[PDB]
Ligand code: HEM
Ligand code: HEM
Ligand SMILES: Cc1cc(N)nc(COc2cncc(CNCCc3cccc(F)c3)c2)c1
Ligand SMILES: Cc1cc(N)nc(COc2cncc(CNCCc3cccc(F)c3)c2)c1
Ligand SMILES: C[C@H](O)[C@H](O)[C@H]1CNc2nc(N)[nH]c(=O)c2N1
Ligand SMILES: C[C@H](O)[C@H](O)[C@H]1CNc2nc(N)[nH]c(=O)c2N1
Ligand SMILES: [Zn+2]
């Protein structure tokens, strides 16, 4: 059956027919919906072959050469390579297609209007932690681009039958240290406690600030991970200040410009890429609301509210909501002042809406995770709140994977 | 671990398993291929009734700790006999009270369920005219409103009968503002209520022309055309909205009623279907201040308020929507507080729902919850529910949606 999808602000209706191309089951069953869960409980030739035929068919269709000679000779190659090695390799152009399709298909991403514009670095000729680091520095410098950020992915070597994975231990290329203190509390970023402690275990000298940029633990197959410190001039950071509130700057708050995920797995045509770091630019709510205001992140709300002299003693003064708004404004202002790319949650979701329309004409649907797509302040003040969404798994995909340790 | 969904809170790092979902005897709209949890409305008796009935009666006896008893098996026999010979059956009084509370308890879209055990149940199963429905409704509103100190209540009209037509309240709520369609194509009042306004008029209501005219009730007794009834203005408590520091906000003439009372839902118990059974609580302040006032397709006042606040409305990145919504929300709380009318802010409320989650975990092993509806429409991740995973599934008794009577 094809689901009927309504926008409640406008009374408009479409049908999702794309969802019929899902070959992978999600977590819901008719007895119970599990769609607000972050993770899956879950976490041979014939089947690799079919995902591979499917994907190649996807690529030749994409360049409008379906059923051509080049298409059939390419299905033959793949057939022949699997048949004798139990695996195959992608052509650079195909990889480029798969990476953009994997972004296109990511249901938790509100930035997909950008999906066609992705700089793809091929790093499948990497054989050491050393090389990885080199590739990673070039990715950072390219993506950062003096504040004029540009989407990029760098694809390290695929997983292989015999052997350890290429991995980046860090969850992001830039992350702040979180230091567990004696009295139970955390200095710095509570989300990075464990990865901070792993870096110390492998011989990093720690700092003691709240914004110490972490080193990278890079691991080549079956080897101990290796520590690399990023050169400080490569990690663009943005000092936080407020348009009108003068003391805010005094707070010493800052955030880094580049959001680059480095622990997710990229799957294309049955092949898996355990190290394939990707980056775009931040939506300000990610920093203003979640990273600074989550109670299990930097948890700055009370501090800000007090500074604003708000009545902290009760929920009904709405001091939480008042402070959160200024912290998001301070993030937008500061990024705009330091000429670094940022998108607010209204502009972002408005363009997500455009993307839904585009996909509806292009593909007959768009898989989307409503809980992730709707922003964390002002949900119903943005258009996506009012938009129904069908969520499902298409391939190429980005997946989660276990932590290497 | 156990083969029941694992459920995680990402703020505290705590885990539970929902086993309650095992008791669900009704499929929702999702399947392994695609999740449909975000649709408001997905999709659209004989031997079926009996087993729905048996199930309910079994729940009733458990709740009183008499499962397996003689009174329990006799009740079962009594229900079987009745359906054997009439196609239907009837609930004992305390069975209705249990079921009505259990239906509120089961409703995945209600954040207010810490309150589920406290519900005044008005048995109106004797009611036999639209005039009488009106008396009952008025009694409900008086009781529920209690001069500002609101009280949860439900009034249950007679059940669907096979061969006879339904009791039906046409209004979606007991209290609703009119929406008048203009010549320029805009709406004055509440655009949500454009259809029910035009039906009131067709049935001979003489209409007003304000932004906040209280609609009359269109009430339908079995097999009769519906009849029109005007609520006496002294029974509809309203709160004029002001802001604690922005002195001009009172000048906008915004107002809202005290009593949220849903009147178009179907209460199903044991297979029996109560098509008219309006229930009411008190508001969480975001329903008024954020949805009713700021939705683009409702009163849509965000721009007006931001202009008064002298915000830059020509650019998204000034967060003018965000600042104005906050203030409108503070104004809803401030004004209900001053007027001594019960209201709860979205912080207080979501907290009490986390408590309710923990109570239900112990009592029943889980709690059906609709995340998109539980999370408030401003300040989501500032409330603890945002960080709580939730399992959604259908349990009976239940409030269900039903097709509009026209
Ligand atoms: C163009 C700038 C981009 C913006 C503004 C953007 C926006 C976002 C946001 C707000 C999230 C939710 C993040 C969170 O709550 O942790 C997200 C998730 C995601 N995005 Fe993007 N995105 C951008 C570019 C990209 C690119 C280049 C890729 C991949 C090539 C990508 C793939 C993903 C994926 C796979 C997720 C889900 C991550 C997860 O499950 O943790 N996005 N995006
Ligand atoms: C005591 C104070 C209560 C509060 C604060 C409250 C809160 C809420 C809220 C905020 C909603 C969502 C409203 C919307 O977005 O349309 C809701 C929905 C709902 N509540 Fe409550 N509730 C309360 C009492 C009740 C009572 C007494 C009942 C019935 C006995 C009830 C049953 C329901 C049901 C069935 C829905 C879903 C309505 C729909 O899907 O259209 N609640 N509740
Ligand atoms: C590409 C991109 C653009 C942009 N604007 N923002 C992002 C940020 O994405 C993330 C930020 N922080 C964390 C994540 C990863 N979260 C995965 C959920 C998860 C799974 C398993 C364990 C766990 F602790 C957490 C992604 C990424
Ligand atoms: C009891 C109660 C307490 C409280 N605080 N708030 C409420 C508010 O409940 C509602 C408010 N506004 C609208 C509704 C009705 N929602 C119906 C959604 C819908 C739309 C279209 C078709 C359909 F079948 C169903 C309920 C009810
Ligand atoms: C439990 C819940 O699903 C979880 O908190 C989700 C909600 N929505 C989200 N949305 C985004 N973009 N990112 C998140 O981390 C989350 N967290
Ligand atoms: C499309 C989406 O399902 C819809 O806008 C929902 C979102 N969450 C909601 N939550 C509540 N409480 N009330 C609503 O009307 C809605 N609307
Ligand atoms: Zn689902």
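Since chain B takes its numbers from Swiss-Prot, the residues it shows come out as 67-110, 121-482.
According to its header, the structure was obtained by X-ray crystallography, 2.2 Å.
Placed from the backbone N, Cα and C atoms, the Cβ positions cover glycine too.
These come from Swiss-Prot:
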- B:96, B:101: Zn(2+) binding site (BINDING)
- B:104, B:448, B:449, B:462: (6R)-L-erythro-5,6,7,8-tetrahydrobiopterin binding site (BINDING)
- B:186, B:477: heme b binding site (BINDING)
- B:249, B:358, B:359, B:363, B:368: L-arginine binding site (BINDING)
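Straight-line distance linking the Cα atoms of residue B:104 ((6R)-L-erythro-5,6,7,8-tetrahydrobiopterin binding site) and residue B:359 (L-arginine binding site), rounded to a whole number, equals 23 Å.
Among the binding-site residues B:358, B:359, B:368, B:462, the ones with a Cβ under 8 Å from a Cβ of chain A are B:462.
Across the break of 10 residues that separates residue B:110 from residue B:121, the C-alpha atoms are 19 angstrom from each other. Sorted by the number of other CB atoms within 10 A, the binding-site residues B:359, B:449, B:477 start with B:477, the lowest. Working note on the binding-site residues B:104, B:249, B:368: by count of other C-beta atoms within 10 Å of each C-beta, B:104 ranks first.
Only B:359, B:477, in sequence order, out of the binding-site residues B:96, B:104, B:359, B:368, B:449, B:477 have a CB under 6 Å from ligand 4. Secondary structure from DSSP puts residue B:249 (L-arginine binding site) in a beta strand. Within the set of binding-site residues B:101, B:186, B:368, B:448, B:186 have a CB atom less than 6 Å from some atom of ligand 2. Rounded to the nearest whole angstrom, the C-alpha distance between residue B:359 (L-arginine binding site) and residue B:186 (heme b binding site) is 11. Neighbour list (residue B:448 ((6R)-L-erythro-5,6,7,8-tetrahydrobiopterin binding site), Cβ cut-off 8 Å, at least 6 residues apart, same chain): B:103, B:104. Checked against residue B:462 ((6R)-L-erythro-5,6,7,8-tetrahydrobiopterin binding site), the binding-site residues B:186, B:358, B:477 differ in C-alpha distance, with B:186 being the nearest. In this structure the C-alpha atoms belonging to residue B:186 (heme b binding site) and residue B:449 ((6R)-L-erythro-5,6,7,8-tetrahydrobiopterin binding site) are separated by 8 Å. Proximity of residue B:363 (L-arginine binding site) to non-local residues of its own chain (separation of 6 or more, Cβ distance below 8 Å) is seen for B:336, given in sequence order. In sequence order, B:226, B:228, B:334, B:335, B:336, B:417, B:418, B:419, B:420 are the residues of the chain that are 6 or more apart from residue B:358 (L-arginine binding site) and have a CB within less than 8 Å of its CB. Separation of the C-alpha atoms of residue B:96 (Zn(2+) binding site) and residue B:449 ((6R)-L-erythro-5,6,7,8-tetrahydrobiopterin binding site): 17 Å, rounded to the nearest whole number.
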